[PDB]
Structures are given as C-alpha cells and as structure tokens.
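Below is one structure, written out as structure tokens; comments come after it.
Within every chain, numbering begins at 1; the chains are lettered A, B, ... in the order of the sequence lines, protein sequences first and strands thereafter. Just so it is clear, the values below take in all heavy atoms, side chains as well, and ignore hydrogens, waters and symmetry mates.
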Amino acid sequence: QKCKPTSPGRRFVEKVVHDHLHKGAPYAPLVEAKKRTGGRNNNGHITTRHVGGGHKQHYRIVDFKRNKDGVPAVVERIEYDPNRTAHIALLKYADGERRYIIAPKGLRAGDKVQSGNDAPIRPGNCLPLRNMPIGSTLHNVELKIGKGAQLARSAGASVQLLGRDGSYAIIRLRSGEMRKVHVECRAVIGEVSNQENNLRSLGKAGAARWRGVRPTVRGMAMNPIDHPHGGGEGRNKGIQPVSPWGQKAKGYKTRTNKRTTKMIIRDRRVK
RNA sequence: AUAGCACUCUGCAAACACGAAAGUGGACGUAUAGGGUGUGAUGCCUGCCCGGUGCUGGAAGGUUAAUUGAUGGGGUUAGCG
C-alpha cells in the first residue's frame, strides 16, 4: 500500500494491510502490565544504547509450551501483538479454557488444533520431532525438554526437518546453520504468519521514535576521548573500524562457547 | 540526526554492555530478531589494484615456555699412600 505524497514526511511510507485481524480490545485475563527500561540495568547504567521512549504496551501471555495434550481447540480470532512481529491466535479449548499461541500462516477463525503424539499432521498442531514426518517445514522449535519453543518464532520464520539419526533429529535453520536436536523436543507444523512484515518502509524519523529507537551517532563524529574513531581535521577515517570498546567490526568472529559446539555439524559458513 | 542502502558479528545459558562476584540489561525478544561500522530522500550509477596492514581459512614443515631430568664436571671424607 502506497501513500500519496501530500507532505514530505508521507512520500515514502509503506504499510502492510491485513483485514482479518481483530479490531477490539485483547482478551483481558491474558494481559498484564509491562514497563519501559531505557536500556538500563539495576546499577542504573546504560548497557544497551539507542533505547528509549515509544508507545505504552501491554504484555500478552503467549503459551509456548503447549502442554494441554489430547484436548482439541478451536481458533476464535487472530490478533495484533505489539510485543512481536508475528500475529497471535486466540484458542478455545473443549473445556472452556482460553490461551494464546503464535499464529501459523493460513490459520483463520474456525480451524482446529491440538498437541501430543496422536495429533494429526495439520498446521498449528504440536508434536514431538520423533513423530514429525521427515522433510516438513516447522516452527517454534524447542531445545530443552519441557522448556518451550525458542527457535524460529518471528514473522515468516521456518526450519526444515532433514533426517533422524540415533536420538537426534537434523534441522536446517533460516540462518543457514544445520544443527542437531533431541528427538523428544517438540515443534509446530507450518511457518509463521505476517510474512510480509519486511515490506514496510517507515518513511520518517518519527516512525522509529514511535517504536522506541533513539538516534545513532557515528564514532567518526566524536572526539578522541569518546571513541577510537574520534578526532581529526576534516573528514578522515585512518583506522581499521572498531566498536566504542575497541572490538573489530568487520569480519572478526566473537563466538566463545565451548559447551554446545557438538550440536552444530555444518556452520552457516562465514560465522 | 534522519527515513532508505550496504558490510559484518550473534543458534540462545546469543553476541554485546555494567559489576570484584552474586547478578542485571539485551528480552519475558529468537536470524523478517539483536549488536557494531560506514553512507545518507529520490533518478542514473558505483571503474582498476589482495604487493602492504588487518580479517577469514589451511599446513604440520622450521622456531619457541613452564614441566621433565639423560649425561658431564666440581666440594666434602672412610680408606689407600
């Protein structure tokens, strides 16, 4: 959707339109308060730069574990969620309990979902990787038994199931990494909704300020006391790029963990 | 500074940051996400060079630390003179 250039700040605005989303208030029992941080920790110092401001938001309690095995549920509606890029679906169980889940692509009001070993192979059903059919597209992949989904949760995300060896399943992630998972962990059929999410163009600086991003100052624009890039008469770089704390920014690898290196077989390539 | 563009790092107990540690932010987020760097709507575009410094990947050839202690040479005295 294009906006007409009636003002200079509207010339380059792109929006994604979805007419099936619910327009009313969210489901009250599943909503709680959430505060802004400003990127400051309990010492009160800034630990993440460029964070502050933005619109007030409530947190929606999303069920990532899907431990209500055996009971079918029906989708009531699809909702916008300010905490994430994907849409959410309100579920209605056969015994009156209501929960939120991440909405798979194509799920509409009136569809049926469930979880467990005996669930059918339909988008939105939650089954163990040992029971998943080989070659399927999955999302919401769990890493620790019972902890819940952690991988491939954003809009348009999906992973590919490739094979099953020993007690481990082989998956390919959307970053290009190829990895092992325990076969007992769960996953969900399908790929995540709102796949047009990356087509939007903000159009102006205020749009970023609404989402809570403060401006970025280049290190080249500072003094020597503030940044290794600071200083000089006129414009000049004269240095191999580094972070404000001296760490190289172009190609230098930073992974350190040695505990989980066995679970990665084929790295995405240029890690 | 900016919307837009590009490179690069990060598979989640994430990279990164604060702190002596416990711990906290990143985020009650999960590669369409998060950090760093440069450029700066849009239109047409963005040539040659990897010798130097850096980064990434190999090699098991040469050099090299703590550790180990084979050999060789001294000091001393039983005794022989």
Side-chain angles (χ1 to χ4, degrees), chain A residues 5 8-14 16 32-51 57-62 64 81-86 102 139-144 147-159 171-181 191-211 213-221 227-229 235 237-257 259-261 263-271:
Chain A
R10 268 242 150 183
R11 178 175 303 268
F12 300 110
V13 167
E14 283 335 317
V16 202
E32 75 180 32
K34 175 172 91 64
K35 275 73 169 42
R36 308 176 182 103
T37 65
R40 289 145 162 90
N41 75 337
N42 63 351
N43 291 324
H45 299 157
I46 293 177
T47 62
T48 301
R49 307 184 302 157
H50 319 135
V51 178
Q57 297 170 342
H58 294 324
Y59 182 71
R60 277 88 161 139
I61 303 166
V62 168
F64 289 115
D81 191 342
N83 304 272
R84 63 191 76 257
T85 50
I102 300 297
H139 74 270
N140 264 21
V141 179
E142 157 174 301
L143 271 176
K144 296 201 188 182
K147 185 172 180 184
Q150 291 182 264
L151 307 190
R153 314 195 313 190
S154 37
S158 54
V159 308
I171 66 165
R172 221 209 281 111
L173 304 166
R174 221 160 83 270
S175 59
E177 193 173 278
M178 182 302 284
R179 195 215 161 92
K180 298 195 314 198
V181 187
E191 77 87 353
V192 182
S193 37
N194 198 26
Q195 50 313 309
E196 306 70 319
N197 169 249
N198 43 5
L199 309 171
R200 65 169 66 251
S201 170
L202 295 187
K204 63 168 173 159
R209 302 302 302 270
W210 300 338
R211 313 172 131 82
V213 187
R214 296 194 83 253
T216 296
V217 190
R218 294 168 294 113
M220 249 177 90
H227 200 291
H229 291 188
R235 289 161 195 165
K237 298 166 159 191
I239 191 176
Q240 185 76 219
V242 285
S243 79
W245 307 274
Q247 174 174 279
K248 289 171 190 276
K250 295 292 173 160
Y252 180 74
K253 296 185 178 185
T254 59
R255 177 189 166 94
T256 278
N257 204 218
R259 158 174 54 85
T260 53
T261 207
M263 314 282 297
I264 303 137
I265 317 148
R266 193 257 218 221
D267 157 80
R268 61 186 146 103
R269 194 27 54 59
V270 265
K271 52 178 285 143

For A:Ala205, report the nucleic acid contact type (base, sugar-phosphate, nothing); a contact means any heavy atom under 4.0 Å.
sugar-phosphate
For nucleotides 43-56 of chain B, give me one character per nucleotide, 5' to 3': B if any protein heavy atom sits under 4.0 Å from the base, S if the only such contacts are to the sugar-phosphate, - if neither.
-----------SSS
Can you tell me how far P in B:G54 sits from the matching atom in B:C49, rounded to whole Å?
23 Å
Where does RNA chain B pair, written as one dot-bracket string 5' to 3', with Watson-Crick or G-U pairs under 3.5 Å, ( ) inside the strand, [ ] for crossing pairs and | for another strand?
...((((((......(((....)))........))))))..........................................
Among B:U2, B:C16, B:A31, which nucleotide has an atom closest to any side-chain atom of A:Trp245?
B:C16
Tell me, for nucleotides 21-27 of chain B in 5' to 3' order, what letter each nucleotide earns: B for a base near a protein heavy atom under 4.0 Å, S for only sugar-phosphate near one, - for neither?
---BBS-
Under-4.0 Å side-chain N/O to phosphate OP1/OP2 contact, A:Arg49 with B:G36:
yes
Under 4.0 Å, heavy atoms only, any strand: does A:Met220 hit a base, just the sugar-phosphate, or nothing?
sugar-phosphate
Return the nearest nucleotide to the side chain of A:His229; candidates are B:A13, B:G38, B:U10.
B:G38
Is it true that the neighbouring bases B:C18 and B:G19 have six-membered rings whose centres sit under 5.5 Å apart and whose planes meet at under 30°?
yes
I want to verify a distance call: between B:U30, B:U2, B:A13, whose nearest atom is closest to the A:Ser154 side chain?
B:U30
Measure from the side-chain N and O atoms of A:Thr85 to the backbone N and O of A:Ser154, and report whether any donor-acceptor pair falls under 3.5 Å.
no
Looking at A:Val270, is its backbone amide N or carbonyl O close enough to the side chain of A:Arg268 to form a donor-acceptor pair, meaning the two atoms are under 3.5 Å apart?
yes
Could you tell me whether the phosphate oxygens of B:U39, OP1 or OP2, come under 4.0 Å of any side-chain nitrogen or oxygen in A:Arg218?
yes
Tell me whether the side-chain N or O atoms of A:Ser175 pair up with the base of B:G11 as donor and acceptor below 3.5 Å, since no angle test is needed here.
yes
If you check every side-chain atom of A:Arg84, which of B:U30, B:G11, B:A13 has the closest atom?
B:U30
Pick base, sugar-phosphate or nothing for A:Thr260, based on heavy-atom distances below 4.0 Å to the nucleic acid.
sugar-phosphate
Rounding to an integer number of angstrom, what distance separates B:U37 and B:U63 when you compare their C1' atoms?
38 Å
Ranking B:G11, B:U2, B:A31 by distance to the side chain of A:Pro215, first place goes to B:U2
So A:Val62, base contact, sugar-phosphate only, or nothing? Heavy-atom distance under 4.0 Å.
nothing
What distance, rounded to whole Å, do you find between the two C1' atoms, one in B:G35 and one in B:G51?
35 Å
Closest to the A:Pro244 side chain: B:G38, B:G36, B:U2?
B:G36
Tell me whether the count of non-hydrogen atoms from other residues, nucleotides or ligands lying under 6.0 Å of OH in A:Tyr252 goes above 12.
no
